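Analysis of the macromolecular model
What follows is each chain in one-letter form.
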Amino acid sequence: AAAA
Amino acid sequence: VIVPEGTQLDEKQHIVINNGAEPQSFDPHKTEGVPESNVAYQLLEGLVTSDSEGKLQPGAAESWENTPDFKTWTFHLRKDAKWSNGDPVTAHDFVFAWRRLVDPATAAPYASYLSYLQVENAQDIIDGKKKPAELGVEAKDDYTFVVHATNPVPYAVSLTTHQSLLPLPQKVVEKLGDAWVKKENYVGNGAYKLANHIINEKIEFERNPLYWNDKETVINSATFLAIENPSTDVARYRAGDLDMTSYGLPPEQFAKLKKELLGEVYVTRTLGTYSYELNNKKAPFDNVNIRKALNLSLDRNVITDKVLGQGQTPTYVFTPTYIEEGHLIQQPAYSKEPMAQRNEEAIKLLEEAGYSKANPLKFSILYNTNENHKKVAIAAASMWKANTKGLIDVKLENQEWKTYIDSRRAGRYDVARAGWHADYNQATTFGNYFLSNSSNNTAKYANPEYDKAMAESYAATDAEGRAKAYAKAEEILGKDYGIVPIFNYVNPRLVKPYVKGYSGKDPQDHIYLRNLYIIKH
């Protein structure tokens, strides 16, 4: 998952 | 059950959490980020889910098993489980959702996930060669969902916890199309439902009374905020206006926050890597020599020790080496050279590539609006200029989260800040990212030898064999300088003393509202  | 006996629960059971950004979408087939997954996980529930420490527990499936070859996975669904509108949850919903994920018409950023699971025909469907109905999953009956993989995937169950493999309400989505996701239309099988959504302000959740496990849910309502800057997150926390920060805190405040907020500062060691992604198909980053120069001349210890200093650990590979089956991955040789040697090598490579003080290498670092990212980018820009004696000149470019993700996916970037958090606690959640054909691969990295190394893992018959194949893939990726890995994450957060059920021990650092409770005293 792409991390904020 | 989740509440220790005798505990004085508060009456209201309301919580406010910073979710960090406005999500792209509430449709799990249209998203790829943490803000999005944090929303999806409240509204929907997949085969398997997790507790507050990240341990796996039954979700929509109450039982499951595999064949001894690790290729057939059978899930036994709950016979009385319902969607929030009263419709039954069945294996058909799972068949429907998983087909929709790989359906080219869906254009899902995580299409590749069912390819990672080695599901029969998933890749062929993604590639337009077979129809979505040819996917190797089936409803053997209304409550039995069977997954058929072409290769052994012993870590299969852990994959099924991901947002991309959440079920969707077939009856609703078939009727409404993409519009099912609007608040008036949304139907889910999770613990909460959407009460309100104001873009750039808040998402309000309310209890889903038709959730199968509603009787063990404690939180009645929650608000997710969209506060981009850690300092603003901390300010709202300290004003008493939110209960749990997002997973960034201001480096310069960290020490004093630990001193003043006793037992409110949590730091989770997570399976994550922070990188600068290089656009491998955009000049001049198509040149291995320049990708190598950027890697040699970036001092990771400056960022981890001086800019952040919260427990982030330097790394020079993509995969966290502490992940399961990651242990044979080696840090590259240059990482052990003194910076003086590295920097001398970098300067030579840039001069060979025709850069000078007068004509430096110029590019922009794209990052999502966030003061902590800005600080890291300023430090990177500063190191790259000084360490190469003026041969690199770096501009910063911040975009709102949604826009930033779009820009990365569209290839409209030179160098982008990038964080990857594990989807499941096994090395391939990182290794799969850099397959040539991965829908997650926004770097546009493609090496047939990398793909071949990864493919050998499915010919292995044990953990050691898998771990060797993953080490060889990472070696290849390292020799290509495909990206600039910087650190392995920690996730610092503030959590109020009256919030219970947050562990600080979940390697994926999920927050499920159904795992939390507010205490009185």
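By the method listed in its record, X-ray crystallography, this PDB entry was determined to a resolution of 1.850 Å.

Naming follows the PDB entry, where chain B appears as Periplasmic oligopeptide-binding protein of Haemophilus influenzae. In the Sequence similarities (unreviewed entry) part of its UniProt record, chain B is described as follows: "Belongs to the bacterial solute-binding protein 5 family." The record in UniProt for chain B states the following under Subcellular location (unreviewed entry): "Cell envelope".

Residue and element names in this part refer to chain B. As paired strands, strand β8 (residues 192–198) and strand β9 (residues 202–207) are joined by six bridges and run antiparallel to one another. Bridge pairing in β9 places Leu-194 opposite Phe-205. In this antiparallel pair of consecutive strands, β8 and β9, the connection spans three residues, and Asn-200 shows a positive phi of 70°.

Take the domain arrangement of chain B next. All names here are of chain B. Parsing chain B into structural domains produces domain 1 (1–44 + 170–271 + 491–521), domain 2 (45–169) and domain 3 (272–490). Contact with domain 2, which involves 18 residues of that partner, is made by 15 residues of domain 3. Both sides of the domain 2 and domain 3 interface together cover about 1,400 Å² of buried area, and 48% of this is carbon and sulfur. Together, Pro-109, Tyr-116 and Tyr-155 form the three largest contributors to the area buried by domain 2 at its contact with domain 3, with a combined 42%. Joining domain 2 to domain 3, the criterion identifies zero salt bridges. Counting every contact that joins domain 2 to domain 3 gives nine residue pairs in polar contact. Residue assignment for the side of domain 2 that touches domain 3 shows that the elements contributing at least two residues are α3 (113–116) and α5 (156–159). Across the side of domain 2 that touches domain 3, the residue classes break down as eleven nonpolar, seven polar and no charged.

Here we take up the sheet that holds strand β16 (residues 483–494) of chain B. Residues and elements named next belong to chain B. Spatial ordering of the open sheet is given by β12-β16-β11-β15-β13-β14, a layout of six strands whose pairing is mixed. The open sheet has two edge strands, β12 (313–314) and β14 (392–399), and neither has a second partner. Pairing between strand β11 (residues 265–278) and β16: ten bridges, direction antiparallel. When the bridges of β16 are listed, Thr-273 appears paired with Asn-488. Along the sheet face, helix α10 (residues 300–308) touches β12 and β16 and points at about 20° away from the line of β16.

Residues and elements named next belong to chain B. Residue position: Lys-82 is located in the loop between β5 (72–77) and α2 (91–102). Sequence separation between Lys-82 and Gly-188 is 106 residues; the distance between their C-alpha atoms is 8.7 Å. The contact partners of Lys-82, leaving out residues within four places of it in the chain, are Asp-87, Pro-88, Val-89, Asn-189 and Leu-210.

All names here are of chain B. By size, the foremost hydrophobic cluster in this structure holds 147 residues, and its most contacted members are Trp-98 and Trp-384. Take this core: its biggest share by element is eight residues, from α2. Non-local contacts of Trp-384, meaning those with residues more than four positions away in its chain, are made with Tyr-276, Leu-294, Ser-297, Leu-298, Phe-363, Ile-365, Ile-392, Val-394 and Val-484. In this structure, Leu-225, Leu-257, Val-265 and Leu-494 belong to the second largest nonpolar core, which totals twelve residues.

Residue and element names in this part refer to chain B. Under the definition given, this model contains 18 salt bridges over all chains. Residues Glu-260 and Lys-256 are paired through a salt bridge, measuring 4.0 Å at the closest nitrogen-oxygen approach. Within this pair, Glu-260 and its partner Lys-256 are both found in helix α8 (residues 254–260), separated by four residues, close to a single helical turn. Across the salt bridge formed by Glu-325 and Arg-466, the nearest N and O atoms sit 2.8 Å from each other. Here the residue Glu-325 occupies a position in the loop between β12 and α11 (339–352), and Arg-466 occupies one in helix α16 (residues 463–479), the gap between them amounting to 141 residues. With respect to class, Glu-325 is no different from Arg-466; both count as buried.

Right, let's get into the packing of aromatic side chains. Residue and element names in this part refer to chain B. Within this structure, the stated rule accounts for 30 aromatic pairs over all chains. With 5.7 Å between their ring centres and 80° between their planes, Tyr-110 and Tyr-113 make a pair best called edge-to-face. Each member of the pair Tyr-110 and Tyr-113 is classed as buried. Chaining the aromatic ring pairs together yields one cluster made of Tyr-110, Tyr-113, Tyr-116, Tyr-155, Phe-318, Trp-420, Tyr-424, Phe-430, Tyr-433, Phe-434, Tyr-445 and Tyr-450. Its end group placed over the ring of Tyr-237, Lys-496 keeps NZ or CZ at 4.0 Å from the ring centre. Lying over the aromatic face of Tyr-512, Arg-514 brings its terminal NZ or CZ to 4.6 Å of the ring centre.

About the thresholds
Along each chain, numbering proceeds from 1 in written sequence order. Entry numbering may differ, and residues lacking coordinates are not shown. As they are written, the chains are lettered A onward and the ligands numbered 1 onward, keeping that order. Side-chain metrics rest on all non-hydrogen atoms present in the structure, leaving aside hydrogens and water. UniProt positions are given in the numbering used here, feature names are shortened, and annotations may be inferred rather than shown by experiment. DSSP-based pairing: two strands are paired if at least 2 bridges between them are found. Here a helix means four or more residues in a row that DSSP labels H or I, a strand means two or more in a row labelled E, and each is numbered from the N terminus. Just so you know, the domain bounds were taken from an automatic or database domain assignment. Residues count as neighbours in contact if any of their non-hydrogen atoms are within 4.5 Å of one another. Buried area, as used here, totals the accessible surface that two parts lose on assembly, with accessibility defined by a 1.4 Å probe and the loss added over both. Every case where a carboxyl oxygen of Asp or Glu lies within 4 Å of a side-chain nitrogen of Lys or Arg is listed as a salt bridge. Nitrogen and oxygen atoms within 3.5 Å of one another constitute a polar contact, given that in protein one can donate a hydrogen and the other can accept it, and given that sequence-neighbouring residues count only through two side-chain atoms. Any residue that is not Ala, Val, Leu, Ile, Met, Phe, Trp, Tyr, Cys, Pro, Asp, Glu, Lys or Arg is counted as polar, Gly included; the first ten are nonpolar and the last four charged. The convention used is that axes are lines fitted to C-alpha atoms, helices contributing only their stretch in contact, and that angles between N-to-C directions extend from 0 to 180 degrees. Throughout this description, the term nonpolar core refers to a set of buried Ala, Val, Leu, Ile, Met, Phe, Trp, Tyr and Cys residues connected via side-chain atoms within 4.5 Å. Accessible area is worked out with a 1.4 Å probe on protein chains only. A residue is then buried under 20% of its type maximum, exposed over 50%, and partly exposed in between. Note on aromatic contacts: the rings of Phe and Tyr and the six-membered ring of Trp form a pair at centre separations within 6.5 Å, being stacked when their planes are under 30 degrees apart, edge-to-face when over 60 apart, and tilted otherwise. Look at NZ for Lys and CZ for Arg. If either is within 6 Å of the ring centre and within 35 degrees of the ring normal, a charge sits over the ring.

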